[PDB]
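The chain contents come next:
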Amino acid sequence: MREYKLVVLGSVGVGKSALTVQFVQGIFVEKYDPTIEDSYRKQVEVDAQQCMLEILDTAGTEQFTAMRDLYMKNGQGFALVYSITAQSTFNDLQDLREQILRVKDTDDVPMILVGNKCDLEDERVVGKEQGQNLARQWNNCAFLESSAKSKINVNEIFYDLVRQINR
Amino acid sequence: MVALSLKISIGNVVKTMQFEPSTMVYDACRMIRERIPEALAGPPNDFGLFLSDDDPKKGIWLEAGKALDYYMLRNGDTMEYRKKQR
């Protein structure tokens with residue numbers, strides 16, 4: 001078995017766990033699950049590779065920071081997600097990354113950029129365009145456009161870092 | 001901001017739920033039902049909590065009007081969405 005521990009990063013207001021519910025429970029709501037560090041268990045299979053169920057979702061809480069800092073250290077997988085209608089976040093995940101690179105020591109770490117909530121593309125403030133212009137800037141941090149509502153690229157995300165953790 | 005941050009688990013799921021160290025167990029049980037559809041899968045009368053120890057036989061079933069800090073909980077403990085039923 002493979003063991004993937006991913007760090008779902010997200011600014012306050014985005015939807016970190018929101019993606020980890022259509023995923024582990026299969027339900028998306030308007031109430032975005034809290035911000036404290038929540039992980040989600042889901043046994044998966046990558047390319048016929050049974051991978052162990054543990055993922056982490058850290059978010060704007062200085063309580064869980066110490067703990068949220070430990071997963072950056074290991075950072076087996078990073079899923080930084082912002083709202084496609086929220087630049088303020090898209091623009092914040094930029095430093096939060098440096099916090100990873102700061103502990104990892106490089107940007108060559110399993111990682112992916114995400115402009116989820118495409119179902120609000122109707123508002124689109126930062127799309128896979130800026131998102132990928134940003135991913136590029138992040139060194140083409142492999143981007144994806146998802147919709148925890150229309151369940152789009154919600155599964156490919158973890159599927160993109162596992163392919164990386166497979167260094 | 002600042003509060004408990006326990007692992008309100010719901011079968012495999014682990015949605016951390018921040019509570020006021022003195023939140024009413026009766027409230028900590030009303031604050032989750034407002035979240036995750038799988039949670040409001042009934043009334044608070046069929047939904048309590050369970051501080052699953054390391055061996056649910058060691059785990060317990062908290063009260064309601066109590067106060068989390070009663071167990072002097074800390075943050076990231078292990079609370080489970082359990083049926084109040086009987």
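Residues numbered from 1 in each chain as written, not as in the entry; some residues may be left out. Chains lettered and ligands numbered in written order. Heavy atoms only, no water.

In the PDB archive, solution NMR is given as the structure determination method for this entry.

As recorded by the PDB entry, chain B carries the name Talin-1 and is attributed to Mus musculus.

Going by what the PDB entry lists, chain A is known as Ras-related protein Rap-1b and is assigned to Homo sapiens. Annotation of chain A in UniProt includes, under Catalytic activity, the sentence "GTP + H2O = GDP + phosphate + H(+)". The record in UniProt for chain A states the following under Sequence similarities: "Belongs to the small GTPase superfamily. Ras family." (UniProt positions renumbered as here; feature names shortened; annotations may be inferred.)

*Asks:* Teacher, can you tell me more about the interface of chain A and chain B here?
*Replies:* Often, the extent of an interface is quoted as the loss of accessible area on bringing the components together. Facing 20 residues of chain A, the contacting portion of chain B comprises 18 residues. Buried surface at the junction of chain A and chain B, summed over both partners, amounts to about 1,600 Å²; 54% is from carbon and sulfur atoms. When the buried area of chain A at its contact with chain B is split by residue, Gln25, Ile36 and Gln63 of chain A rank highest and sum to 31% of it. At the junction of chain A and chain B, the tally comes to one salt bridge. Of the charged contacts in the structure, one is a salt bridge between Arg35 of chain B and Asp33 of chain A, with a shortest N-O distance of 3.4 Å. When contributions to the side of chain A that touches chain B are tallied by element, the ones reaching two or more residues are α1 (19–22) and β3 (38–41) of chain A. Residue contributions to the side of chain A that touches chain B peak at three residues, all from β3 of chain A. For the side of chain A that touches chain B, the per-class residue count stands at seven nonpolar, seven polar and six charged. Taken together, the two bridges between β3 of chain A and strand β2 (residues 13–17) of chain B define a ladder with antiparallel strand orientation. Bridging across to β2 of chain B, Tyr40 of chain A finds its partner in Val13 of chain B. (Contact = heavy atoms within 4.5 Å. Buried area = accessible area lost by both parts, 1.4 Å probe. Salt bridge = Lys/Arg side-chain N within 4 Å of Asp/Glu carboxyl O. Helix = DSSP H or I, 4+ residues; strand = E, 2+ residues; numbered from the N terminus. Nonpolar A, V, L, I, M, F, W, Y, C, P; charged D, E, K, R; others polar. Pairing = 2+ DSSP bridges.)

*Asks:* Even after reading the chapter, I still don't get the UniProt feature "short sequence motif: Effector region" in chain A, so can you show me in this structure?
*Replies:* According to UniProt, the "short sequence motif: Effector region" feature falls on residues 32–40 of chain A. Secondary structure content for residues 32–40 of chain A is 0% helix and 33% strand, while the C-alpha to C-alpha distance between its ends is 15 Å.

*Asks:* Explanation requested: the side chain of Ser5 of chain B in the structure shown.
*Replies:* Along the chain, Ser5 of chain B turns up in the segment before β1 (6–10). For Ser5 of chain B, the residues in contact, after removing those within four places along its chain, are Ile36 and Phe64 of chain A together with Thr16, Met17, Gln18, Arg74, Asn75, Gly76 and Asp77 of chain B.

*Asks:* When you look at a negative patch on the surface in this model, what are you seeing that I'm missing?
*Replies:* Together, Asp119, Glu121, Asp122 and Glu123 of chain A line one region of the surface with negative charge. Its location among the elements puts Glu121 of chain A in the loop between β8 (112–116) and α5 (128–137). (Patch = residues over 30% accessible without salt bridge, like charges linked within 9 Å, V, L, I, M, F, W, Y side chains within 5 Å. Areas by Shrake-Rupley, 256 points an atom, 1.4 Å probe, with all protein chains shown as cover. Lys, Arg positive; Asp, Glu negative; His and termini not counted. Charge placed at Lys NZ, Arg CZ, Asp CG, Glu CD.)

*Asks:* Explain the pairing of β3 of chain A here, please?
*Replies:* It is a general feature of regular strands that their side chains alternate between the two faces of the sheet. The pairing of β3 of chain A with strand β6 (residues 54–57) of chain A spans four bridges and is antiparallel. Residue pairing for β6 of chain A: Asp38 of chain A is matched across the bridge by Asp57 of chain A.

*Asks:* Looking at this model, I keep getting lost on the nonpolar core. Mind explaining?
*Replies:* Considering soluble globular proteins, one finds that nonpolar side chains tend to be buried as a cluster. If you look at the biggest cluster of nonpolar residues, it comprises 46 residues, and the most contacted ones within it are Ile8, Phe19, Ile32, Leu68 and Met79 of chain B. Secondary-structure elements contributing two or more residues to this core are β2 (6–10), α1, β7 (77–83), β8 and α6 (156–165) of chain A together with β1, β2 and α1 (25–32) of chain B. When near neighbours in sequence (up to four residues on either side) are disregarded, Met79 of chain B contacts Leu6, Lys7, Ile8, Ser9, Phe19, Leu49, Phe50, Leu51, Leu62 and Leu68 of chain B. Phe90, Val126, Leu134 and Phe143 of chain A belong to the second-largest nonpolar core, a separate cluster that totals 19 residues. (Core = buried A, V, L, I, M, F, W, Y, C linked by side-chain atoms within 4.5 Å. Buried < 20%, exposed > 50% of the residue type's maximum accessible area, 1.4 Å probe, protein only.)

*Asks:* Sorry if this is basic, but what is going on with the packing of helix α2 (residues 65–74) of chain A against helix α4 (residues 93–104) of chain A here?
*Replies:* The axes of two packed helices give the description: the angle between them and the distance between them. All names here are of chain A. In contact at an axis separation of 8 Å, α2 and α4 are set at 60° when each is read in the N-to-C sense. Looking at the two axes, α2 sits oblique to α4. When you trace α2 past α4, the crossing you get is right-handed. Contact residues: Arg68, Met72, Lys73 and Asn74 in α2; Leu96, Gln99, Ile100, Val103 and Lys104 in α4. (Axes fitted to C-alpha atoms, helices over the stretch in contact; angles between N-to-C directions. Parallel < 35°, antiparallel > 145°, perpendicular 65-115°, else oblique. Left-handed = near helix turned anticlockwise from the far one by under 90°.)

*Asks:* Looking at this structure, I do not really get the packing of aromatic side chains. What am I missing?
*Replies:* Each pair of aromatic rings is reported with the distance of its centres and the angle of its planes. One pass over the structure, following the stated rule, counts seven aromatic pairs over all chains. With 5.2 Å between their ring centres and 90° between their planes, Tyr82 of chain A and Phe90 of chain A make a pair best called edge-to-face. Ring geometry for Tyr70 of chain B versus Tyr71 of chain B: centroids 5.7 Å apart, planes at 50°, classification tilted. On the accessibility criterion, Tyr70 of chain B (46% relative accessible area) is partly exposed. On the basis of relative accessibility, which here comes to 41%, the residue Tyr71 of chain B falls in the partly exposed class. (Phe/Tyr/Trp six-rings, centres within 6.5 Å; stacked < 30°, edge-to-face > 60°.)

*Asks:* Can you walk me through unusual backbone geometry in this structure?
*Replies:* Of note in this structure, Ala142 of chain A is not a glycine but carries a positive phi near 40°. By the element assignment, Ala142 of chain A lies in the loop between α5 and β9 (143–145). Residues other than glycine seldom take positive phi values, yet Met72 of chain B does so here, at roughly 55°. By the secondary structure assignment, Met72 of chain B is in the loop between β3 (48–50) and β4 (80–82).

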